[PDB]
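Next up: a single chain in structure tokens, the form deposited in one PDB entry.
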């Protein structure tokens, strides 16, 4: 009798139960830092299991932090719109222009005609291309720009699968989403400028250790490319096994010819390229080049033109500058010339197709991280990590790597690395084991945020495309994170200590 009533209203009952069961944490402990811990636990629990919509959960910090007195409501609101949101708006303008004029369909059909009919090679090509392109621009930018093309490819293959005559389509869409999202292994690990975490680490190391000049482009790549490539290959294998099937003999039929014929027929139906598509392609190229030319790290960029106000113009300035141009560039004339022209995209079309839910979710994650920093919660974890000097070096490395890769779960990678570096470096120098030996694994594992969205902006951008099953993302991310941690361990043990000389105390380290 009552069992059915409990089963039907499981979400409401679970929400109430998890609010009340963690309630003793604030009242007990004299209300010191368990309030922010309780807020984080409740929000994370609601994020793991779909008790509430993800954006509704992201709005919870705006309730909990002000009432607990951790930080004022004005500051919590100010934390909801950040630089990433301007970047997202700028990129979404371009994405709307791409999809409205069927440029994505044309690119997808051309790519399918060229190579990649087999799903395994298609996924491998997506991962390799996204990983290579993310070497230079950013994780967020590349994950945002290459995702529409992959979605178009998958949609076109699904449409052509009819062959003049399902469960496979959605699982392939999830696999494509995850492989685009998880292609952070090359995008930032390999190059110092690839990710934010790697610029912050380099700046901190140079400031704290001016004598050591080993960290530069062409030396980060040497020790980081093998590990990142191994992670990429193993993650591709793991994703191809988890979703769909893996057969060794298949990678090592008339349906393929029928699909190729359908794809060719559709491509011919597209016809010659249009003016709007040409303009959109040119603006895409200009945006990508401007992102690449901000600060390559080996040659001066255009930021040297502004070499008086450093850090003022970020990637989002480029995104906005090239995206707002879509609202004023003429697309069609209303040759009657009745009233005026029309823009490439109108605000009506931009309001839709905009991931407002993703913006709210990332804002909520930012607010939660800021609330954790404001209270003595992150500092508490860092101070708990400090008294491990008596432990062996490898155990210290493993504990630090796991703690960093699990604390970047709910906080942005730059915030986690900026928090942990001042904590680890005195700990590294307390023992005589080569502070790089402990700094490298932590900064490598900080970017391994493959679990849940909002942890990494690429994850949220990919999550924006409707395949909102968090449990699948968690299942894939656990394996990818384990693979990444294992490969980082193997690299520290094998490849990195020859060139960085991580076994003995260096001269540049303080005595």
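Residue numbers count along the first chain shown, from 1. For clarity, a rigid core is taken as the largest C-alpha set superposing within 1.5 Å between two forms.
Unshown form deposited in another entry; subsequent notes refer to it.
Following superposition on the rigid core between the shown form and the other one, the residue from 224, 198, 138, 280 with a C-alpha displacement of 2 angstroms or more is 280, and no other. The Cα shift for residue 292 between the shown form and the other one, taken after rigid core superposition, is 2 angstroms or larger. Once the rigid core is overlaid between the shown form and the other one, residue 26 counts among the residues whose Cα shifts by 2 Å or more. With the core superposed, residue 310 shows a C-alpha displacement of at least 2 Å between the shown form and the other one. Here's the thing about residue 312 and residue 202: their CA atoms end up at least 3 Å closer in the other entry than they are in this form. In contrast to the form presented, in the other entry the C-alpha positions of residue 105 and residue 145 draw closer by 3 Å or more.
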